[PDB]
K.L.:
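Structure in structure tokens, see below.
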Amino acid sequence: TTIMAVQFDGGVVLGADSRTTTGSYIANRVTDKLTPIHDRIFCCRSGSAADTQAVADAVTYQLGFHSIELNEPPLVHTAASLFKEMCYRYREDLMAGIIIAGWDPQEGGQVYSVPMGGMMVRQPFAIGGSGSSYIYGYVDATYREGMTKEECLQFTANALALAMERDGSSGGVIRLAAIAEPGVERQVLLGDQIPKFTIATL
Amino acid sequence: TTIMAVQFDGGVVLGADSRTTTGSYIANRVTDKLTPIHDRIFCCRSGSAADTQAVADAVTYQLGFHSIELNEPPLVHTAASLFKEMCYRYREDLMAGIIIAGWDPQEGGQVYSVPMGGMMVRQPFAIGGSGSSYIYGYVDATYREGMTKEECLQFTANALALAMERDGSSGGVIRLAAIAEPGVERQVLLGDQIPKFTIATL
Amino acid sequence: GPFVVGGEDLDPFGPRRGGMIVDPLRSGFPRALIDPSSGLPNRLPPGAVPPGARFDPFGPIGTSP
Amino acid sequence: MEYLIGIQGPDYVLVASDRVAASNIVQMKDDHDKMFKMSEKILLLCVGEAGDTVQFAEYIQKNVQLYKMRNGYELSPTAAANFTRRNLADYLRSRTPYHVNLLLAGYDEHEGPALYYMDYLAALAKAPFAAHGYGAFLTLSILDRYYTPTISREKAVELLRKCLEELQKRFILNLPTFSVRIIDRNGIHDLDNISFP
Amino acid sequence: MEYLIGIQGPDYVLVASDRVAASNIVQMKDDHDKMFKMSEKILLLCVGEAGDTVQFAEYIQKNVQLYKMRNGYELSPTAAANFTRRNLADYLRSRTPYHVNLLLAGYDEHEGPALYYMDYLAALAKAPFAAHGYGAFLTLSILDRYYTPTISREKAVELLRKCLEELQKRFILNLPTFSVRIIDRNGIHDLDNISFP
Amino acid sequence: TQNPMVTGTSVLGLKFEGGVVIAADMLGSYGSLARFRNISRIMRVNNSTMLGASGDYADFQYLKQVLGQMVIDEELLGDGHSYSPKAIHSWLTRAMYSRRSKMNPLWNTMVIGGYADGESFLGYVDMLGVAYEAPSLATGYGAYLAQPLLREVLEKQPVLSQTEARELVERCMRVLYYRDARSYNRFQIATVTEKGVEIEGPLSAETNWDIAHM
Amino acid sequence: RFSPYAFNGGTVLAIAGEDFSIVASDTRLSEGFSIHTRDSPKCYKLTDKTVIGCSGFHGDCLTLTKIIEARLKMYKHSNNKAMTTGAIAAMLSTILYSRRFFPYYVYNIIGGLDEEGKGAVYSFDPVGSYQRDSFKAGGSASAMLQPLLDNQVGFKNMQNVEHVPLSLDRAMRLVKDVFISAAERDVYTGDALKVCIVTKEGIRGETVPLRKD
Amino acid sequence: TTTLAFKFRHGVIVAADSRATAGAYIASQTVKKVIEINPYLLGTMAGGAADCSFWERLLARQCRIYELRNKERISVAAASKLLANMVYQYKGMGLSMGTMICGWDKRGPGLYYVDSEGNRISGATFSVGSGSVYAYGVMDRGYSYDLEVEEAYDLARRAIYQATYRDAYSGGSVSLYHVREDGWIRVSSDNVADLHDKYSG
Amino acid sequence: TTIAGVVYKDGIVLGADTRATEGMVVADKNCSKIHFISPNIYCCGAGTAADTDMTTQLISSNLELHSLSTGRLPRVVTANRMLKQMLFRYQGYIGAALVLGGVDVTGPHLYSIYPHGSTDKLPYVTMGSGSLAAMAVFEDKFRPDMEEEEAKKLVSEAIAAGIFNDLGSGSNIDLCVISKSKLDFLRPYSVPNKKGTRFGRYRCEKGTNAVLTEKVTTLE
Amino acid sequence: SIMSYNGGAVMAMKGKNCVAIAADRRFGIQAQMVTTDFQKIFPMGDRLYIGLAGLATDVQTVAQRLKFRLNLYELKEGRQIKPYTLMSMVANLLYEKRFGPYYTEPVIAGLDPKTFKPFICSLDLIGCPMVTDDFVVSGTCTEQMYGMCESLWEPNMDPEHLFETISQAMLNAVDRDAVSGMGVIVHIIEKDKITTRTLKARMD
Amino acid sequence: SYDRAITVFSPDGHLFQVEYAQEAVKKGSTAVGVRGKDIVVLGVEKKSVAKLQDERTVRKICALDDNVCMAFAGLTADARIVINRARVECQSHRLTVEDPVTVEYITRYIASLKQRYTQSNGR
């Protein structure tokens, strides 16, 4: 699993691979690891599939009730706080690393990382999963401030492609989501749409 | 530990960090991990320090005797084969990951990887150590055929700097060695000479 | 373990175990052992499957997480 | 467990041992000899792991008899005890150790009576009286209470009978019969078995 | 290990038990009664873990006496055995399990004599004769060889004496005395202790 | 070997009319990491035998060296006698059993394919010394993923041509790429025939990802 | 850390008659829940009067059969005659005990003719304990088939039944029927049944299909 | 397994069952647990069948070599000592052997118990195996040194039968041997069902 | 055990083998592994068989109550949510793994549910010890928007591959075809395996067994 | 291991219009026999029987609790239980102890009331029912019983042939098991009568 | 590691070393043994008495066990080695056979040892 969220001026760009494994067997090669928590809030799930699914369902339920009560669009910080509270209260029982990314009228695009253990930090960009280790240097050397939405999409696609090439638990297709004020735009990169890097030979 | 060797047309470029750790304590922060096996053959050592040092000493002994007997400059393939034989014979007793790189009158610059277990593979470029995991995507996206010696040196320095930034077991200074027909040129990158990548904030 | 003989044939007591004849299949020998979590994304809790209960592997051998 | 006891008098050594050979919960033998005749004036009493006892005791016995055959005189009880301790210590750290507890009783024309205690770790101690087994915990106190250095052999037999009666009264194991032997200047004499019907 | 034995005749049940209470290698009590009088015609014999035996036996005894006080008549041996089995099985999977091996002997005015066997797992079996402990292995064969369903109480006492003599000869444990009781239409009668001095 | 370090994934074998075809991917995995992506796991033993191995790659290289030296010595004799695929399979079985009996196994699973005297040979050897011949072979995850397809095709059509065998091998490789997490989409196909051993690569299978939109 | 053993299935059956011996086995080789091959007989011809059936760990079976072949050739070289069935059984016992502390995981049944021409069946445990039998089942389905052979061949638990000697045709029918039942119930038995018939005229082989699942 | 042997006036009586087990599965009901070492020595099987068979066959080989070298038959004590020394070399290596060495030599009838643990004791009566406790119980109540031949046969058969009745690992048939001055004889081989018919009814 | 299912152009086809084993011995040759949930929802089960039976029965009862209250046809998403929440709150102690398929107002839906409480919505799923052979068949031959007969043939081929390549699968092939207009519970759908015909006869006649005591009780 | 503590073997077989249930009689602890007349088959109706193999204490507990529930059911419903309903009730009772399981595998044989259609079934220790059409076996010698039944069973057997088949199967299966035997008891359930027979078996 | 063949055959068909050993025996003191009905007597001549020699240390008659004794003639040191080996053999036989050796058994052992020294390298 490799997940990635990057913040640009108007919003955020989310990305994930689609491989779910039971050992070395790929049980689901078209998995959708980008979960919409609200209209403009998504989450990236890594770790135990059951734990992440249950936590995402519970946070969706709580955030929907909270937004209905307040008659106001929810904050990305509020969704991150709910995820953090649930993941910290049950840190011994859950195995869930979450990335919460979304757009706010009051705060704009926001990326929050909630790793295993239950800490919460806002970042310009976040990467998670077993395949994120292989792309730390790439995102460190490639990220720059002021990137547009298209540049953020290309950056996320490149990093995900490299991680999928190197990581055995990552692969399949690249699912991208761009969230801004107008709405959420989703796309799937597959086949030759995935960025290609030539293998060095001889 | 992060080690790296890249082959250009006229030879190879070797680079490594300088941090030796006993747990979380840095026992030696200026370690020289580039070991000359012969005049134009170097090895990068990763794993157990005692095992790597003993194997390097034994291979230097054997290669020197073999070169004196044959009255010929040794081949990089021969040194790699000696390393492979020693590492495969004692794979249950040694924890040693070796990168052998050097120049040959017959074959030019060569990079050989001998990981733990004792297999031997020739690569256009090789990385090793605990810090190499974080720069796989970077070297996949940055390497290209036809780089000069200076481009190879800058590439190795950038990858080593990124790995040292992310890996806790790697750090200190960057030791580079370029091997070609005229000879071996060694340099040390420290302080501001080490490539710098800005930490993303906000 | 699989080849243990003569322990229970020599006395009803003692830590030694086994009959007169060696037979791993009749004794405790894994044979086609399969992990209860094979074919599963995560490991089942210890004691999830009671001994003797009818159980179907979720996947073939080697698919354990 | 199996029981040994030795009492050293002014000019004699009195020893006894249980005659029970047991496997699991069954007494396979009711008249089992645990004493080994090293020489005309030395007795070895061995208990411990099955197999080890007889192997080690017969090794020592054959070596002592070979010494007597070679040199024309018998080993002294002190020399025999030291030889046994050396062999046991050598085997202790070797490939095949022996788990044996030994009592060495003997009479020397010059040194007089001698009784020796040796645990399975091959530590040798000279004692006026000693015992081996779980029954030692029950009878060593009686020996301490009633033993005197000038005890006659009749009073020694009475003290031994008191110890065996205590074993009958308090020990959880069935130890009905004991073989009794005495060593003096005239050699080894087999006394009457002390039996409890 | 403690020993229980029961023999059922045409119109009687004969039971016996060892009188030894043991801690580590020492017999602490020489006359220890292991039989609990449930009613005027029911005897419970209990062996097992220390503490568990007395607690469980007294709980059952108090419940049976409470039944007699509440209803005016006594529980039959079958009903008492089933009640004991139910309670033991209930405690088996609870937080406070009792490791007890039980023999229930009783005489019913209508059903006649009865002897029941219960292990620590609370499996109840009606038997013409039964035994508990390590000594059961050495005496159940004798019981199988010599018992007949029409055995008189005199021949039953003789067969019990044969079993106890075998225990004296072959068992490694010291079990010198046994308490003997018989249940018939006239109640529980204490017979002479069988002892092996 | 007690703990394999760099391992290869499933290897396939299939007999056809006039020879055998063997397929294996070019990836050496360091645990879950795809570390070496351009290694060859198929070797030419002689003019009539080829070999593909799963498991530890260093042990495979050791076996490569030993088998090559044996073939070199046999050719040095020049007596008109060459090792048959059956003889190579038997020697491999003996070596694997000998290493297993010393509790120092070679952590490999080998597929031996050969053509000699107008007869196709397909042999299997594992690290425990278990050896057998079969019309189709599949080590590792291919025994669960690729072997059923080959067995079904051979049940419908016991005798296959070279083109049909190659197409079926490509389909099995595509399935393995779909469902094996330790596999790669860069493999080699080796064929032994009357004319000798030919190795083709690197090859990639055509993949469909249209179920991602469902 | 590795396991030097693996169970590969297979059931071997032998029946001894007045002047014949039968050794029968299934041809399925498996491992875990997979099938290695469907054509792998477990019966090996030793001499013109001896056939051995081997089931268990397949590598041990191969090694043991090769060792037995070499030993038979050595005996013929040294003694200028072929081994008899009893001599083969004794030698197999010694060979199996030679690895007492690292046993061959093999279930061995020897079927052949004795020196007087009568059928002889020998059954072996992995460490070499053996005895002569009239019939014996070994392998995964041995516990399934042994009681039925006891009922049918031994006429056990049957009253008012004559103990007729077993004829070759009835023995073949019984072997086929019990292997069909074993294929019904045992997951390791199937895909074929190979029957070797030892007589004074030579060794005769017969194959009978079983269900493929 | 239940094996018993006892010395009486007219020799040594050796009896055994014939059941071999693999866990709860009965592998064989016709195992010959009395081993004829030679026309003058007998051995019993208890524990590992292969272990007992192999080591008593080695004992038979050693005894024959001794007879050839010394022009005299080996004694019961010497044979038992040889077997004990043979098995003591593998103590703690997993050997499982409980055997009785029975014969008649210049010293009279001889009966020795030898196990793989290292015990070697001469005695008048022995019983080895899982059902040996029941056989002990019956035999001790029935044993006497002045027993007649047929009474000794009946006692041994009854003890083995009771042991098979009470022991799950004992059963099959009861083999009876009689060691005499001129050599052992095989007395009878009675199935447990026939003995049950004889005894119960 | 081999259970599989596909989504075709107009509904759901579920498949299963009918062999149940206890260890390495076949206990049942005709076992029904496709479980009724609702008139439009069915389920294939794997894992602890008692856990699967009780979980499917409980969810079927709850769905029946829900449909009685609402008066509408049950949804596959409701069954999936109930199953996954119940499985998750037991933390995998209920070892039930399920292939859930049905057709509702939103169309055909197929789910795979795991004992820890994780679900996947896929066009085709496989489960059991023979799941990899059936998955190979699917990856080789599956195409979207198949017809009912093609889907039945594909599921039968997948189950047959599981039966003939896995030791834990065997016997017959059972198919459940679900569409918005009909439901087809085909048991058996195929019989690829049968007992071999007898070559001879066994001895079993009257009076062969000896009887000690006999008691006859007449039922009025 | 826990199931083999006491031994035992229960078998049920289907005839043309009858059912047969058989069990061994030995009660023992590990390798020691205690009694030879332990009851493992319990009547659950006029033409309904349940056989229990496993831990003897769990056998007795399950039989008594099942009798409790069945008596309550028959008092409330005012009718006799159907064998399928009894199977469901046993499954519920066993699954109530899913995490504390009873160590018993029940075997149910009977004729459906008002139809007299033969019914046989077996359940695991946690209550998974398995309704077959030929035979169901349970106990420590299931492999031997499976072999005997698969060899001997025939469709549409008359009660005499059914008795002979089940008797031979049980006898030859327990003759090859160490902890099973000491007699066999067979119940033949017809529409009009029930026959109980004890077989002449080995006692070793 | 001296592996010379000292005792070898000769053209006449003789072993010269064995003959020379017999000649060395011929130079020793006379030893006489007589087997009586219930007694056995051994007598050894003393070639020279110096009136200062300790007679106890030059006894040519020795006991091998409690029931076997022997006398010799030849080289005293070789006889001492043979006597010690025979004593060790008697003790070991009593160990492994639980009975004293017969005279023939120890004679066989001694003769076999001498024969071994007549056909082994380097002695």
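Below, chains carry the letters A, B, ... as their sequence lines are ordered, and counting in each starts from 1. As a basis for the values below, the full set of heavy atoms in this structure was taken, side chains included, without hydrogen atoms, waters or symmetry mates.
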K.L.:
Which is it for C:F13 and E:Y134 under the ring-ring contact (aromatic ring centres under 6.0 Å, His included) test, yes or no, and what are the steps along the way?
P.N.:
CA-CA 10 Å; C:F13 320 97; E:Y134 289 146; 5.4 Å; yes
K.L.:
Please confirm whether C:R26 makes a cation-pi placement over H:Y25, using NZ or CZ under 6.0 Å from the six-membered ring centre and within 45° of the ring normal.
P.N.:
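Here C:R26 passes the 6.0 Å and 45° test against H:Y25.
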K.L.:
Given salt bridge (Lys or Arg N to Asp or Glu O under 4.0 Å), test G:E184 with I:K29 step by step and report yes or no.
P.N.:
CA-CA 9 Å; G:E184 287 298 293; I:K29 318 183 198 173; 3.1 Å; yes
K.L.:
Is it true that J:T104 and J:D58 share a donor-acceptor pair across their side chains at a distance under 3.5 Å?
P.N.:
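The answer is no; no qualifying pair exists.
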K.L.:
Indicate whether the side chain of H:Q162 and that of E:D144 have a donor and an acceptor atom separated by less than 3.5 Å.
P.N.:
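Judged by distance alone, the side chains do not pair up.
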K.L.:
Check the side chains of J:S180 and J:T140 for a donor-acceptor pair under 3.5 angstrom, ignoring hydrogens and angles.
P.N.:
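Indeed, the side chains of J:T140 and J:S180 share at least one donor-acceptor pair under 3.5 Å.
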K.L.:
Please check if the distance between the ring centroids of G:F101 and C:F3 is under 6.0 Å.
P.N.:
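Ring centroids of G:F101 and C:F3 are no less than 6.0 Å from each other.
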K.L.:
Would the distance check show the side chain of E:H132 and the main-chain N or O of E:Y117 forming a donor-acceptor pair, the cut-off being under 3.5 Å?
P.N.:
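Flag not set: sc E:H132 to bb E:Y117 has no pair under 3.5 Å.
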K.L.:
Hey, could you give me each pair passing salt bridge (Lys or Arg N to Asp or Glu O under 4.0 Å) that has a residue in residues 2-13 of chain C? Not counting sequence neighbours.
P.N.:
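For residues 2-13 of chain C: none.
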K.L.:
Can you see which heavy atom on G:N108 is nearest to which on G:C54, and at what distance?
P.N.:
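Closest heavy-atom pair between G:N108 and G:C54: OD1-SG, 3.4 Å.
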K.L.:
Check the side chains of G:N157 and J:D175 for a donor-acceptor pair under 3.5 angstrom, ignoring hydrogens and angles.
P.N.:
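Indeed, the side chains of J:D175 and G:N157 share at least one donor-acceptor pair under 3.5 Å.
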K.L.:
Could you tell me if J:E105 and J:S138 have a donor-acceptor pair between their side chains, going purely by distance under 3.5 Å?
P.N.:
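Note: J:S138 and J:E105 side chains meet the donor-acceptor criterion.
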K.L.:
Take H:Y134 and H:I160 through the side-chain contact (heavy atoms from CB on, under 4.5 Å) test and state the conclusion after the steps.
P.N.:
CA-CA 8 Å; H:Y134 317 111; H:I160 298 278; over 6 Å; no
K.L.:
Assess, by modelled atom type and distance only, whether the side chains of G:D186 and G:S140 contain a donor and an acceptor separated by less than 3.5 Å.
P.N.:
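Yes, side-chain donor-acceptor contact under 3.5 Å.
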K.L.:
Quick check: does any side chain N or O of C:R54 sit under 3.5 Å from a backbone N or O of I:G23, one acting as donor and the other as acceptor?
P.N.:
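Side chain of C:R54 to backbone of I:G23, a donor-acceptor pair under 3.5 Å: no, none is there.
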K.L.:
Would a distance-only check, ignoring hydrogens and angles, find a side-chain to backbone donor-acceptor pair under 3.5 Å from J:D24 to J:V184?
P.N.:
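Answer holds: no.
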K.L.:
Could you tell me whether the side chain of G:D60 and the main chain of G:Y105 form a donor-acceptor pair under 3.5 Å?
P.N.:
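It does hold such a pair.
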K.L.:
Side chains of H:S170 and H:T2: do they bring a donor and an acceptor to under 3.5 Å?
P.N.:
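A pair is found: one side chain offers a donor N or O, the other an acceptor, under 3.5 Å apart.
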K.L.:
What residue among H:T3, H:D17, H:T99 forms side-chain hydrogen bond (donor to acceptor under 3.5 Å, both in side chains) with H:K33?
P.N.:
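For H:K33, the side-chain hydrogen bond (donor to acceptor under 3.5 Å, both in side chains) check succeeds only for H:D17.
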K.L.:
Quick check against the 3.5 Å criterion: does J:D124 have a side-chain atom that pairs as donor or acceptor with the backbone of J:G127?
P.N.:
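Yes: the side chain of J:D124 pairs with the backbone of J:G127.
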K.L.:
For the residue pair H:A135 and H:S127, what are the closest heavy atoms and their distance?
P.N.:
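That would be CB-OG, 3.3 Å.
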K.L.:
Is a side-chain donor-acceptor pair under 3.5 Å present for I:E22 with J:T142?
P.N.:
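No, I:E22 and J:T142 have no side-chain donor paired with an acceptor closer than 3.5 Å.
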K.L.:
Between H:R19 and J:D204 (salt bridge meaning N to carboxylate O under 4.0 Å), is one present in this structure?
P.N.:
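Looking at J:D204 together with H:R19, the answer is yes, because their closest N to O distance falls below 4.0 Å.
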K.L.:
Regarding G:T11 and G:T189, is there a side-chain donor-to-acceptor distance under 3.5 Å anywhere?
P.N.:
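There is such a pair between these side chains.
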K.L.:
Walk me through whether J:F38 and J:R25 qualify under side-chain contact (heavy atoms from CB on, under 4.5 Å).
P.N.:
CA-CA 5 Å; J:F38 198 67; J:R25 321 233 49 215; 6.0 Å; no
K.L.:
Does the side chain of J:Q32 pick up a donor-acceptor pair with the side chain of H:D167 at under 3.5 Å?
P.N.:
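No, no side-chain donor-acceptor contact under 3.5 Å.
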K.L.:
Do we see a donor-acceptor contact under 3.5 Å between the side chains of J:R176 and J:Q144?
P.N.:
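Side chains of J:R176 and J:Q144: no pair found under 3.5 Å.
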K.L.:
Any chance you could measure G:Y107, atom OH, to G:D125, atom CG, to the nearest 0.5 Å?
P.N.:
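One finds 9.5 Å between OH of G:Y107 and CG of G:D125.
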K.L.:
Specify the closest pair of heavy atoms between J:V59 and J:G54, including all atoms of both residues, with the distance to one decimal.
P.N.:
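Residues J:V59 and J:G54, closest heavy atoms: CG2-N, 4.2 Å.
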K.L.:
Is a side-chain donor-acceptor pair under 3.5 Å present for G:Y97 with H:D51?
P.N.:
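There is such a pair (donor and acceptor under 3.5 Å, judged by atom type) between the side chains of H:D51 and G:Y97.
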K.L.:
Would you please classify the geometry between the E:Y120 ring and the E:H99 ring as parallel, tilted or perpendicular, with 30° and 60° separating the classes?
P.N.:
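E:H99 vs E:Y120 ring planes: parallel.
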K.L.:
Taking side chain as C-beta onward, heavy atoms only, is G:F135 less than 4.5 Å from G:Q152?
P.N.:
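Not touching, per the 4.5 Å side-chain cut-off.
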K.L.:
Using modelled atom types and a 3.5 Å cut-off, is there a donor and acceptor pairing between side-chain atoms of C:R31 and backbone atoms of G:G9?
P.N.:
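Between the backbone of G:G9 and the side chain of C:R31 there is no qualifying donor-acceptor contact (under 3.5 Å).
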